[PDB]
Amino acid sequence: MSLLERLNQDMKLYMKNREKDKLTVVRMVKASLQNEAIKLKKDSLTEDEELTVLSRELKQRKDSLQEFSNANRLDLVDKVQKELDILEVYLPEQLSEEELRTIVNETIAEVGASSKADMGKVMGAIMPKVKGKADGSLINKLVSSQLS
């Protein structure tokens, strides 16, 4: 079953079992996946492209939670937290920044990289290990920073 078939199935399940918070997250994520394919003018996305969208949806919410915390709107912090709890069910286990840094170092080490001229080689070797487990921005960021 594809990601979209899964989301559609869950939409029905949450409508039936009256899980409003779950339903909202599910249809919002579905829409983002559909909008990305529309942007690229194609029927659907590759599975890696879907992972990028899911990671982006997760990051947007993590960023919002922090902003609502800054604003002292704990009711909104709680709402976004619930969305994260729901969304994580559709993604592979997430890597903590420390866990990601470890992988960045491990990959740079094994492929013999040292400078940014080696970025391409490091990114190609690291993606299989981290796609969908951390936000693309952070991955590129940590790799670049560790390279001279």
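So that there is no doubt, residue numbering starts at 1 and follows the sequence shown.
Per-stretch averaging of Cα B factors for 41-49 and 28-36 places 41-49 on top. Set 62-70 against 117-125 and average the Cα temperature factors; 117-125 ends up higher.
Looking at the C-alpha B-factors along this chain, the one for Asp85 belongs to the middle third. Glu57: CA B factor in the lowest third of modelled residues in this chain (values from the PDB entry). When the modelled residues of the chain are ordered by C-alpha B-factor, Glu106 sits in the middle third.
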